[PDB]
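K.L.:
task: produce atomic coordinates for the following.
(chains A and B, ligands or ions: 2)
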2 protein chains.
Amino acid sequence: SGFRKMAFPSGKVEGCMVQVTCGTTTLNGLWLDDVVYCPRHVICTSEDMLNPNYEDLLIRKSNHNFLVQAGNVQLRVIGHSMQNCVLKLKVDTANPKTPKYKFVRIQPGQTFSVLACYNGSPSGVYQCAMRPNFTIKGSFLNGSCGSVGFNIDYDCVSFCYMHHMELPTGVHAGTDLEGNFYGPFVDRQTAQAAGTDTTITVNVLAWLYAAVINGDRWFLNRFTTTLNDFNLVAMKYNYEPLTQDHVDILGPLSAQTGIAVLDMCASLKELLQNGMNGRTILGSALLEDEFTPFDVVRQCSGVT
Amino acid sequence: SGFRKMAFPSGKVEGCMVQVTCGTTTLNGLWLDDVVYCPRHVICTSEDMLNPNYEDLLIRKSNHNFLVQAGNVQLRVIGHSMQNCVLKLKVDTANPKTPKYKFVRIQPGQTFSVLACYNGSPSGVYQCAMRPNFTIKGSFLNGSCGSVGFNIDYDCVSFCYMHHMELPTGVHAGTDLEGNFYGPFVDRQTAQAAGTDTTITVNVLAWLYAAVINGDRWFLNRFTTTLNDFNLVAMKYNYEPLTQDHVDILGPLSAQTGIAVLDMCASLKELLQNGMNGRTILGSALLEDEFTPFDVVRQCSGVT
Ligand SMILES: Cc1ccncc1NC(=O)Cc1ccc2nc[nH]c2c1
Ligand SMILES: Cc1ccncc1NC(=O)Cc1ccc2nc[nH]c2c1
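P.N.:
Numbers count the residues shown, from 1 in each chain, chains lettered A, B, ... in the order given. Ligands and ions are numbered 1, 2, ... in the order given. Below, you will see the structure:
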């Protein structure tokens, strides 16, 4: 028993982190096979970030200008190319620690682990979610760019995020490993404001099921609702609309606990309208939305 | 910017996890050098746990009864001994992945990362604190015993916890790596109730400093207090008494932010008396106490 905000074990990803320096800029790179992936803004100075022309800045860089270091040993760069907002640096040595991997582009509401790194060295690991406005709320200082987000399925690492930007509001933006930004964000230091950060309803419901499984049941009530009625309340509270697809995804948790999805929606509706009244659920005083239904099943069943 | 509940990168610890089976019981072991450490209750059945005589149960076990498996390869057990509540299984092969390590016994209020494992396989990593009542609030299912807690200082892993028990209330109890339980708990399935789970005041203050550094400042007020006055309010709210040692420990955060420790105590006192009023601090609706002052400095400076 007990339910924690849990990240995936980071070892497989630690074995892929390298330091990339170009000019005066140092950030992190991800070394998979004989390619090192990193944000293309490694070629910029802070002044260039105001209005960068990446193709033009890149023409002035040669393979020998990209310094790639794995631990205390230097990697030889034999090619470089720009793919969307990432650079792919071809090196002469395959990473011997390359795990089985995939590149996946996640949807908003999906969770992943981030291995925060500086100078190609891991500092920590935390769990987060792709917000509905395509930002993430991470912990990233100068030099953390190129740190990655991932999920693991037994022995295959699915990389889904690479850190690029901190918006003027302190939230974060980045790309998938094909270099396409999540949402409308760009790798330029300009006015980029995020949209409404709505709450991921399906994740809140999954977490309420985790609370019932792990003993916290005070919020269960004598009511039910419909998807349409629940969604009127969800709209009012800046929650994402709940769909029949989300109800189907919650089916296994509903079956395990014997609490119908719409009855849990009615508990959630009352929590939204009445508040917590100074009470807590799984050690939280707010409705937690950074656990997917899959995360709840995985943690409650101990998948390794 | 941004502040997250961050665990240490777990790779160095993943390389030490093994599966230990004795009879019908399987749990995790920690393989460092040529010794595998695991809870001595691996020798018990669930029925034995009601009233175990560990010395007597152990007499019936030989080296060949402890099955130790690292990945898919078996380790040969050439000796076994009981040290307090842990078994030390001497194996014929040193763990080639043994990191630099120490065994440390932490104090209440200190934080650490846990690598939750099942069948010697890592499932996830999370950050937690040793509560003032010597319990931890983890996420542990059947088979997670032997999972460990640790801190890392550059390349040296300090192991501080090994999971043993879940109390009837759903909180967790365990030992240091010398096999001594934290607090009054025992490895017997009996009535063991935890004391008051007070809030770690010094950690709440550190987290309020992290909030100011990372932009959340609404709770700062025009007041100050004294240690004695603050402690009267701390007593009322089941917070640990704040000492001059804690004030000294918060000195670097006070210097960085320019907010005197006693002024932050006055902000905390008002938060205790008035509540949050539906507001949040670093994404939390409660006062977070599982970040030490050292954690706040480490995360805010990007130590790798
Ligand atoms: C500063 C920071 C902190 C956390 N996360 C991201 C960042 N960086 C940015 O937002 C853009 C940036 C800023 C200066 C750069 N110089 C070369 N490349 C650069 C990219
Ligand atoms: C069940 C559990 C879940 C999470 N954390 C710990 C536990 N186990 C216990 O509290 C004691 C126990 C219970 C049966 C045992 N059989 C052999 N050894 C045993 C030890």
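
K.L.:
now do the same end-to-end measure for stretch A:27-36.
P.N.:
Stretch A:27-36 has an end-to-end distance of 12 Å (C-alpha to C-alpha, to the nearest Å).

K.L.:
where do the strands of chain A begin and end?
P.N.:
A:17-22, A:25-32, A:35-39, A:66-70, A:73-75, A:77-83, A:86-91, A:100-103, A:111-118, A:121-129, A:148-153, A:156-166, A:172-175 (DSSP state E).

K.L.:
quick one: strands adjacent to the longest one?
P.N.:
Sheet partners assigned to strand A:156-166 using DSSP bridges are listed as strand A:100-103 (parallel), strand A:148-153 (antiparallel), strand A:172-175 (antiparallel).

K.L.:
gap between the residue of chain A found nearest ligand 2 and residue B:86?
P.N.:
Residue of chain A nearest ligand 2, by C-beta to the nearest ligand atom: residue A:1 (6.8 Å). To be clear about C-beta, it is placed using only N, CA and C from the backbone, and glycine gets the same treatment. According to C-beta to C-beta, to the nearest Å, residue A:1 stands 23 Å off from residue B:86.

K.L.:
near ligand 1, which residues of the stretch 151-300 of chain A are found?
P.N.:
Contact residues (C-beta under 6 Å from any ligand atom) of the stretch 151-300 of chain A with ligand 1: A:165, A:166, A:189.

K.L.:
which ones, among these, also lie beside ligand 2?
P.N.:
Counting by C-beta under 6 Å from any ligand atom, no member of these reaches ligand 2.

K.L.:
as a markdown table, those with neighbour count and distance to residue A:66 would be great.
P.N.:
Listed next are these as a markdown table, based on neighbours: other C-beta atoms under 10 Å in any protein chain shown; distance: C-beta to C-beta, whole Å:
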| residue | neighbour count | distance to residue A:66 |
| --- | --- | --- |
| A:165 | 23 | 21 |
| A:166 | 19 | 23 |
| A:189 | 19 | 22 |
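
K.L.:
Throw those residues into TSV and include distance to residue B:50, thanks.
P.N.:
TSV is the format used below for those (distance: C-beta to C-beta, whole Å):
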residue	distance to residue B:50
A:165	58
A:166	55
A:189	65
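
K.L.:
and stretch A:281-300, is it in reach of ligand 2?
P.N.:
No. With C-beta under 6 Å from any ligand atom as the criterion, ligand 2 is not reached by stretch A:281-300; the gap is at least 12.6 Å.

K.L.:
tell me the buried residues in that stretch?
P.N.:
Neighbour-count burial for stretch A:281-300 flags A:281-293, A:295-300 (criterion: 16 or more other C-beta atoms under 10 Å in any protein chain shown).

K.L.:
quick check: the residue lying farthest from the centre of chain A vs residue A:268, distance?
P.N.:
Distance from the C-alpha centroid of chain A, by C-alpha atoms, centre = their mean, peaks at residue A:222 (36.1 Å). In this view, residue A:222 and residue A:268 are 14 Å apart by C-beta to C-beta.

K.L.:
next one: residue A:182
P.N.:
27 Å.

K.L.:
next one: residue A:155
P.N.:
Here residue A:155 is placed at a distance of 36 Å from residue A:268 (C-beta to C-beta).

K.L.:
quickly note the distance from the nearest residue to residue A:238 once chain neighbours are set aside to ligand 1.
P.N.:
The shortest distance from residue A:238 to any residue other than its chain neighbours is 4.9 Å, reached at residue A:198 (C-beta to C-beta, 6 or more residues apart in numbering or on different chains). Using C-beta to the nearest ligand atom, to the nearest Å, one obtains 23 Å as the distance from residue A:198 to ligand 1.

K.L.:
list the contacts of residue A:198.
P.N.:
Applying C-beta atoms under 8 Å, 6 or more residues apart in numbering or on different chains, one finds that residue A:198 lies in contact with A:132, A:133, A:238, A:239, A:240.

K.L.:
mind redoing it with 10 Å?
P.N.:
A:108-109, A:131-133, A:234-235, A:237-241, A:289 (C-beta atoms under 10 Å, 6 or more residues apart in numbering or on different chains).

K.L.:
likewise for residue A:245?
P.N.:
Counting by C-beta under 10 Å, 6+ apart, residue A:245 has contacts residue A:202.

K.L.:
same question, residue A:122
P.N.:
Here residue A:122 is in contact with A:10-11, A:13-14, A:17, A:28, A:115-116, A:147, B:8-11, B:152, B:304 (C-beta under 10 Å, 6+ apart).

K.L.:
highest neighbour count among those residues?
P.N.:
Most neighbours among those, by other C-beta atoms under 10 Å in any protein chain shown: residue A:28, with 30 neighbours.

K.L.:
please tell me how far that residue sits from ligand 1.
P.N.:
Using C-beta to the nearest ligand atom, one obtains 11 Å as the distance from residue A:28 to ligand 1.

K.L.:
for that residue, which non-adjacent residue is closest in space?
P.N.:
Once flanking residues are discounted, residue A:28 sits nearest to residue A:146: 3.3 Å by C-beta to C-beta, 6+ apart.

K.L.:
how is chain A partitioned into domains?
P.N.:
According to CATH domains of a matching chain, chain A comprises the domains A:1-14+A:100-197, A:15-99, A:198-301.

K.L.:
deepest of those, which one?
P.N.:
Across the domains of chain A, averaging neighbours per residue (mean count of other C-beta atoms under 10 Å in any protein chain shown) puts domain A:1-14+A:100-197 on top, at a mean of 20.

K.L.:
end to end, how far does that one reach?
P.N.:
Note: domain A:1-14+A:100-197 ends 31 Å apart using C-alpha to C-alpha.

K.L.:
stretch A:206-221 now?
P.N.:
For stretch A:206-221, the separation between the terminal residues is 17 Å (C-alpha to C-alpha).

K.L.:
kindly report the same for stretch A:207-227.
P.N.:
OK, stretch A:207-227 end separation, C-alpha to C-alpha: 18 Å.

K.L.:
same deal with stretch A:98-110?
P.N.:
Stretch A:98-110 has its terminal residues 25 Å apart, counting by C-alpha to C-alpha.
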